[PDB]
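S.K.:
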Amino acid sequence: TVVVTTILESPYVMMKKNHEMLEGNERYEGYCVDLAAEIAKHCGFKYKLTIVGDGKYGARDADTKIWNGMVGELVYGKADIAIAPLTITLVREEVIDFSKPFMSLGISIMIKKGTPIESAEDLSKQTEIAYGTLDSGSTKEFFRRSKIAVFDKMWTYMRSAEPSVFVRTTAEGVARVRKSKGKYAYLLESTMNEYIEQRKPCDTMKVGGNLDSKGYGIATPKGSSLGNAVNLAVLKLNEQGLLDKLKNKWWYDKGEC
Ligand SMILES: N[C@@H](Cn1ccc(=O)n(Cc2ccc(C(=O)O)cc2)c1=O)C(=O)O
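Every letter in the sequence shown is one number past the one before it in PDB author numbering, and letter 91, counting from 1, is 95.
1. Does ligand 2 have even one heavy atom less than 7 Å from the beta-carbon of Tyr51?
2. Pull up the distance between the alpha-carbon of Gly212 and that of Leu138, whole angstroms please.
3. How about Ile200 and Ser103: do their beta carbons lie closer than 8 Å?
4. What residue from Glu145, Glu260, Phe170, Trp159 has the CA that sits closest to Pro205's CA?
5. So, at 8 Å on beta carbons, what are the nonlocal neighbours of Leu215 in its own chain, with the 5 sequence-adjacent residues on each side left out?
6. Hey, quick one: how far does the alpha helix (DSSP H) through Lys52 stretch, first residue to last?
7. Can you give the Cα-Cα distance for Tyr16 and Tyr220, rounded to whole angstroms?
8. Only counting runs of 4 or more residues, tell me where the alpha helix (DSSP H) segments fall wholly within the region 89-149, in order along the chain.
9. How many angstroms separate the CA atom of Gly118 from the CA atom of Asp126?
10. Would you decide whether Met18 is buried or exposed? Buried here means 16 or more other CB atoms lie within 10 Å of its CB.
11. Can you pull every residue whose C-beta falls closer than 6 Å to some heavy atom of ligand 1, listed in chain order?
12. Evaluate contact between the region 74-87 and the region 5-14, counting only Cβ atoms and requiring at least three cross-stretch pairs below 8 Å.
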């Protein structure tokens, strides 16, 4: 009975509208939920979906150097596999094993629908409409490290803009976009942006192309006997369309706009 650690992040895994009535594994739903079923189907095992203990994805702690979130749960033997939007980064591929990407993304732009800007280039030149990123994360560092013209030029601005274009939480940013009446563009991972654009208050939208390329993968403990099977499962699901099928499912069918 494989112990699956995952996490609450819409539309990857969510609590059923009447979850308090359903029990066990049926209490949940979302892209990753469906995906877990396919993995397990194609792999031939029984599983128990468990929401990650401390609610984090996974990072080494500032002092302890010890892994937290799902990564940690995987490194220290608490769970057997992680099925969630876990971006495949070096730091993690050094301690746990990733399947091939099951979905992809990149830093994109979120503008309040109807906004003049349409690309990063369109922003870089601009000075009228402000814009920023989360205060700390993939996105924030990508720019303070990016040696590309269009991006270096952008870092400088956000770098010391006042008020600060940065935001403490990920929803807080989206909030500024809307309430800023158009004087604010947010840069966030393409997946979140897409979701939000299909949500109520349909007043935002993703614009331009992704400024980079990443991808989410399924994680298993180093030495796991599920490793090889899982990776092959992700490949087959992609080869039969099931993934796109799903991404389209939770972002559009379930979309509200
Ligand atoms: N990929 C992450 C996990 N994950 C998955 C889906 C999602 O919507 N978010 C939310 C999120 C997206 C972009 C930013 C940003 O950079 O402004 C901040 C928060 C998330 O953090 C993992 O690899 O750690």
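All C-beta atoms, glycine included, are put in the ideal place defined by N, C-alpha and C.
M.R.: This is what the structure holds:
1. As presented, the structure is devoid of ligand 2, carrying ligand 1 as its sole ligands.
2. 19 Å
3. no
4. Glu260
5. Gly110, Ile111, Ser112, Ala124, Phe146, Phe155, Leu191
6. Where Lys52 is concerned, there is no enclosing alpha helix (DSSP H), although the beta strand (DSSP E) it sits in stretches over 51-55.
7. 11 Å
8. 94-97, 124-129, 142-149
9. 14 Å
10. buried
11. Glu13, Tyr61, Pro89, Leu90, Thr91, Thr137, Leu138, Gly141, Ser142, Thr143, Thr174, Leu192, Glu193, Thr195, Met196
12. yes
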